[PDB]
Amino acid sequence: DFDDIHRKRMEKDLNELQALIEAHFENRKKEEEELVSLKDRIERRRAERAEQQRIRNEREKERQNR
Amino acid sequence: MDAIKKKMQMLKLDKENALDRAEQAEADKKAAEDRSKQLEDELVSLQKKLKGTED
Amino acid sequence: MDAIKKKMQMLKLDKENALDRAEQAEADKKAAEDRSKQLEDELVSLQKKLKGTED
Numbered sequence: 349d350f351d352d353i354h355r356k357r358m359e360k361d362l363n364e365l366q367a368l369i370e371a372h373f374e375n376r377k378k379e380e381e382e383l384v385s386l387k388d389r390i391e392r393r394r395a396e397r398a399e400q401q402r403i404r405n406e407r408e409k410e411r412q413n414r
Numbered sequence: 206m207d208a209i210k211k212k213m214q215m216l217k218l219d220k221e222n223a224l225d226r227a228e229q230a231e232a233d234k235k236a237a238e239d240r241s242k243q244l245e246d247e248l249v250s251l252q253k254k255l256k257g258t259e260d
Numbered sequence: 206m207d208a209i210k211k212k213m214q215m216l217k218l219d220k221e222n223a224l225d226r227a228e229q230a231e232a233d234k235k236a237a238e239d240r241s242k243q244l245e246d247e248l249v250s251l252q253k254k255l256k257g258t259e260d
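Residue numbers (my numbering), protein chains in the order written: chain G, 349 to 414; chain V, 206 to 260; chain U, 206 to 260.
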C-alpha cells in the first residue's frame, strides 16, 4: 500500500499536463485563425451582396417610378 | 478552463506532500537531537560519579 | 495571461522550499544519530572502567 500512489499520480502529473497543453494548442490553432478568416470572407461576400441589392433596388425604382 | 485546474491540483498535491515531509523531518530532527543531548548529559553525570569514586 | 504564471511559480517555489528544508533536517538528523551512537559506545566503556574502579 502507498506504493501505487506514485504509479497513479506521477503518470498524470506530467502526461496529463502535456496532453492538455497539446489539446489547447491544437484547438486554438484550428479554431481562432480559421474563424476570423472565415468571418472576414463572409463579410466580403456580404458587402458584395449589399452592392448587388443596391444596384437592383435602384434600377427597379428607376423603371417602376411612374 | 479544464486542464489548467487539473494542473493546479497536481501542483497543490506536490505542495502538500513536500510541506508535510518537511514538517515531519523537522520533528524527527528535534526528537533525535533531544535524545543525543540527554545521552550526553547522562555521560557527564557518569564522569562525575567516576570522579567521586576515584576520590 | 497573468494569474497562471504567478500562482504556478509561487507553488513550485513552495514545493522546492519544503523539499530543501526536509533535506537539511534529515541531514542533521543523520549526523545527530551517528553522534548519539558514538556517545552510547563511549558511555558503555565509561561504565566498564567505573565498575573496575569500584571493584
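Backbone N, C-alpha and C define an ideal beta-carbon position, used for all residues, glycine too.
{"Asked": "Endpoints, the alpha helix (DSSP H) within which residue 373/G is located", "Found": "352-412"}
{"Asked": "Where residue 349/G falls: helix, strand or coil (DSSP)", "Found": "coil"}
{"Asked": "4-residue-minimum alpha helix (DSSP H) runs that sit fully inside the segment 220-247 of chain U, ordered along the chain", "Found": "none"}
{"Asked": "As assigned by DSSP and simplified to three states, the class of residue 206/V", "Found": "coil"}
{"Asked": "Residue 246/U at chain V interface by Cβ criterion, 8 angstroms", "Found": "no"}
{"Asked": "Test: residue 208/V CB closer than 8 angstroms to a CB of chain G", "Found": "yes"}
{"Asked": "Pairwise C-alpha distance: residue 362/G and residue 247/U", "Found": "51 angstroms"}
{"Asked": "Counted within 10 angstroms of its Cβ, other Cβ atoms place residue 244/U as buried (16 or more) or exposed", "Found": "buried"}
{"Asked": "Under 7 angstroms from the C-beta of residue 219/V: neighbouring residues of chain U", "Found": "220"}
{"Asked": "Exposure of residue 239/U, with buried meaning 16 or more beta-carbon neighbours within 10 Å", "Found": "exposed"}
{"Asked": "Burial state of residue 220/U (16 or more Cβ within 10 Å)", "Found": "buried"}
{"Asked": "C-beta neighbour in chain V for residue 253/U, strict 8 angstroms", "Found": "no"}
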